[PDB]
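# Structural description and commentary
Below are the chains, spelled out letter by letter.
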Amino acid sequence: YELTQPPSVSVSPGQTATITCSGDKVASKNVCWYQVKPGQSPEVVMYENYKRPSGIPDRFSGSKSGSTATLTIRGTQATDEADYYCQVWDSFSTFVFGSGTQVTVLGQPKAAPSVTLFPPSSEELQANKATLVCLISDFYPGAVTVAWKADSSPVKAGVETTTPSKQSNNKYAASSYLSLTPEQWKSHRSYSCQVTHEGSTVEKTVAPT
Amino acid sequence: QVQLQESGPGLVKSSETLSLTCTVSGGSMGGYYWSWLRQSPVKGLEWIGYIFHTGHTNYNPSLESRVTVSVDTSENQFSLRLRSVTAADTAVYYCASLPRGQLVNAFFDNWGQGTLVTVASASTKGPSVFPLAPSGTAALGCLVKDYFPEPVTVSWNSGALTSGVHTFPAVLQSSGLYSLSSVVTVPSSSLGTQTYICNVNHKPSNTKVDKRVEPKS
C-alpha cells in the first residue's frame, strides 16, 4: 500500500506546484516529504507536516488538513523538478510511502501525445503467444499514465511500460506492451490502450477483426 | 560529518543473490538505525529494512522472508542480502540513516547516491521478431521480443528507408528480458507497392532477422 498522490503535477517556472499525499492513515500520523533525483542523494524536504529542515529553501511550504497532506513549492524552479514521496509511520509496516509524484518544470511548449496501437500478429498467434503494442510519441512533458482495457474494464497483469525517454526533437517517447494468451484476445469484444498526459486522455481501440 | 556511500554490482542474474554494502564516514555506529530502501517506477519508493549496532533487525513484512541485513561495527559498514531476485527487484537501492529512539515522526537522513541494480536473465538469448501490420499516412512496425542483453539495432530495408522511422527504447519485463518496437510511418498511397522489411541485428547472440511487413485482409 502507498496511500495516494498524483503521478504528474507540472508547472511553468515560478508557478506554484501543489502535491497531495492523501489516504486515510493520514489523520493518525504526521507526514514527511522526500525528494528524489538521479545520480544524487535524496533529501528530506519536509518533516512533521509543516517543519522545515536545514538548508532547505523557504519557498517550499507544508501543510495538512483532514485526511490530506500537502507539499507546496511556491515559485518553483528547475532544480525542484524531481520525484516527491510522502512518508507516514505505521505500527506493522514500520513505514508507508507515497505512490510518488513527478514534479515537472517547463520547459518548452506543451505537446499532446501521438498514439499508435498494434494488435497481436498472426505469426505470433500461430506461435501461441499474443502481445498488444501501444506506442506513445512526441509529447511534453515526459509524464504519461498508461492503463489498459479489456472490453472496457482495466487489465491488471501482463502490462509492461517504459519510462518516457527524451528523443532527438526534445520531446518524449514511451511504449506499453500488454501480453495476452491467444484465446484471451479473440474472447473479448475488443481491447483498448489509454494514455493520459496532463489533463487530456486519448484512447486507441482494436478488435480481433 | 556523517556521509554514507554504497557499493553494489549493477547487473545481476535472476534467482541469484543480491548483496549490497554501505559505508559510514567518521562517526561510530552510534544512535542510528542503518537502513536500506529502494526506488523505481511501478513499485515506487519502499523501505527494505533497518538494523541497529547491537544486531536488532526490522524488515519490510512483504520482503521479510528474503531480506537479510548485517553490521560490521569493526569495519564501519552495514550490508544487505536479498536472496532469489527477479526483474521486479530491478531498482535504485539507497542506504540511509534513522535516529535511535522514537519512530512516529522520524525520517530517513544522510542518504546515498545510490546504486542502480538491474536484475535480468542468466543467459544470453536472441530476439523473436513479429510484424506490426498497418490499417494521408499509415504506420507499420517491427516487434523484437524477449532478448538479452542490450543492445539491438533495427534498420528498415537495409537502411534504405530512413525517413519516418522511429525505434523506441526497450522494456525490461518480468522474464528478465528486453523487448522493443520500431515503427515507420509511410504513405497510404504506398502499400501493395514498395515492400517494407525489418532488419533486426542482435550481435551478442549472433542473431540477424529480416521480416516482411504487409497488411492482412
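Residue numbers count from 1 along every chain, following the sequence as written rather than necessarily the entry numbering; any residue without coordinates is not displayed. Written order decides the labels, with chains lettered from A and ligands numbered from 1. As a rule here, side-chain values come from all non-hydrogen atoms in the structure, and water together with hydrogens is ignored.

By the method listed in its record, X-ray crystallography, this PDB entry was determined to a resolution of 3.230 Å.

Basic side-chain nitrogens of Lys or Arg form a salt bridge, by our definition, when they fall within 4 Å of a carboxyl oxygen of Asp or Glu. Applying the stated rule across the entire model yields seven salt bridges over all chains. Note that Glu 48 of chain A is salt-bridged to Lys 51 of chain A, the shortest N-O span being 3.1 Å. Each residue is placed in one exposure class: buried if its accessible area under a 1.4 Å probe, protein chains only, is under 20% of its type's maximum, exposed if it is over 50%, and partly exposed if it falls in between. Look at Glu 48 of chain A and you get partly exposed, because its relative accessible area is 23%. The shortest N-O distance in the salt bridge between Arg 212 of chain B and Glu 214 of chain B comes to 3.2 Å. Given a relative accessible area of 46%, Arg 212 of chain B falls into the partly exposed group. Accessibility expressed as a relative area gives 34% for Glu 214 of chain B, which makes it partly exposed. Here the salt bridges do not stand alone but share partners, grouping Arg 38, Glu 46, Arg 66 and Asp 89 of chain B into one network.

This brings us to the sheet that holds strand β5 (residues 61–65) of chain A. Sheet strands line up and pair through hydrogen bonds in the backbone, either parallel or antiparallel. All names here are of chain A. One bridge is not enough; two strands pair if DSSP finds at least two bridges between them. Here a helix means four or more residues in a row that DSSP labels H or I, a strand means two or more in a row labelled E, and each is numbered from the N terminus. Here three strands make up an open sheet; going across it, the order is β2-β6-β5 and the pairing antiparallel. Edge positions in the sheet fall to β2 (18–22) and β5, since each of these pairs with one other strand and no more. Across the sheet, the mean angle separating the axes of adjacent strands is 20° when strand polarity is ignored. Strand direction decides the pairing type here: β5 and strand β6 (residues 68–72), joined by five bridges, are antiparallel. Opposite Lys 64, over in β6, you have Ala 69 as the bridge partner. Lines fitted to the C-alpha atoms define the axes, with helices restricted to the stretch that makes contact. Angles between their N-to-C directions range from 0 to 180 degrees.

What follows concerns the pairing of strand β3 (residues 31–37) of chain A. Residue and element names in this part refer to chain A. Among the seven residues of β3, seven are classified as buried, and the element is accordingly described as predominantly covered. With burial as the criterion, each face of β3 is covered, one bearing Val 31, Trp 33, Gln 35 and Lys 37 and the other bearing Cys 32, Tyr 34 and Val 36. Taken together, the six bridges between β3 and strand β7 (residues 82–89) define a ladder with antiparallel strand orientation. Its bridge partner lying in β7, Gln 35 is registered against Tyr 84. The sheet contact formed by β3 and strand β4 (residues 40–46) spans four bridges and is antiparallel. Opposite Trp 33, over in β4, you have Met 46 as the bridge partner. Hairpin connection, β3 to β4: the antiparallel pair is bridged by two residues, and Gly 39 has positive phi, about 60°.

All names here are of chain A. The definition used for a disulfide is geometric: two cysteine sulfur atoms within 2.5 Å. For the coordinates displayed, the defined rule picks out four disulfides over all chains. A sulfur-sulfur separation of 2.1 Å characterises the disulfide bridge that pairs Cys 21 with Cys 86. On the sign convention where negative is left-handed, the bridge of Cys 21 and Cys 86, at about -120° about the S-S bond, is left-handed. Note that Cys 21 is positioned in strand β2 and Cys 86 in strand β7, a separation of 65 residues in sequence. Here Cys 21 and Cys 86 have matching classes, each one buried. Assigning the bonded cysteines of chain B consecutive numbers by sequence position, one obtains the connectivity 1-2, 3-4.

Glancing now at the sheet that holds strand β13 (residues 153–156) of chain B. Residue and element names in this part refer to chain B. Read across the sheet, three strands follow the order β13-β17-β18 without closing on themselves; strand pairing throughout is antiparallel. Each edge of the open sheet carries a strand with a single partner, namely β13 and β18 (207–213). Each adjacent strand pair in this sheet contributes to an overall mean axis angle of 20°, direction not counted. Note that strand β17 (residues 196–202) and β18 share seven bridges and pair antiparallel. The residue of β18 that forms the bridge with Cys 198 is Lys 211.

Turning our attention to the interface of chain B and chain A. Accessible area lost upon the coming together of the parts is a frequently used measure of interface size. We call two residues contacting when some pair of their heavy atoms lies within 4.5 Å. Counting residues at the interface gives 45 residues for chain B and 41 residues for chain A. By definition, the buried area sums, over both parts, the 1.4 Å-probe accessible area that each loses when the two are put together. For the pair chain B and chain A, the summed buried surface comes to about 3,500 Å²; carbon and sulfur atoms form 65% of the total. The interface formed by chain B and chain A holds one salt bridge in total. Between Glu 123 of chain A and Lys 211 of chain B there is a salt bridge, and its shortest N-O distance comes to 2.6 Å. Counting of polar contacts relies on pairs of N or O atoms within 3.5 Å, with two restrictions inside protein: one atom must be capable of donating a hydrogen and the other of accepting it, and residues adjacent in sequence are counted only when both atoms are side-chain atoms. Taken together, chain B and chain A are joined by nine residue pairs in polar contact. Of all elements in the fold, only β4 (32–39), β5 (45–51), β9 (91–99), β11 (128–132), β12 (137–147), β15 (171–173) and β16 (177–187) of chain B reach the threshold of two or more residues within the side of chain B that touches chain A. When residues of the side of chain B that touches chain A are assigned to their parent elements, the largest contribution, five residues, is made by β12 of chain B. Across the side of chain B that touches chain A, the residue classes tally to 28 nonpolar, 12 polar and five charged. Amino acids are sorted into nonpolar (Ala, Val, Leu, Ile, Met, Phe, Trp, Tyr, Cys and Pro), charged (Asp, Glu, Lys and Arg) and polar (every other residue, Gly among them).

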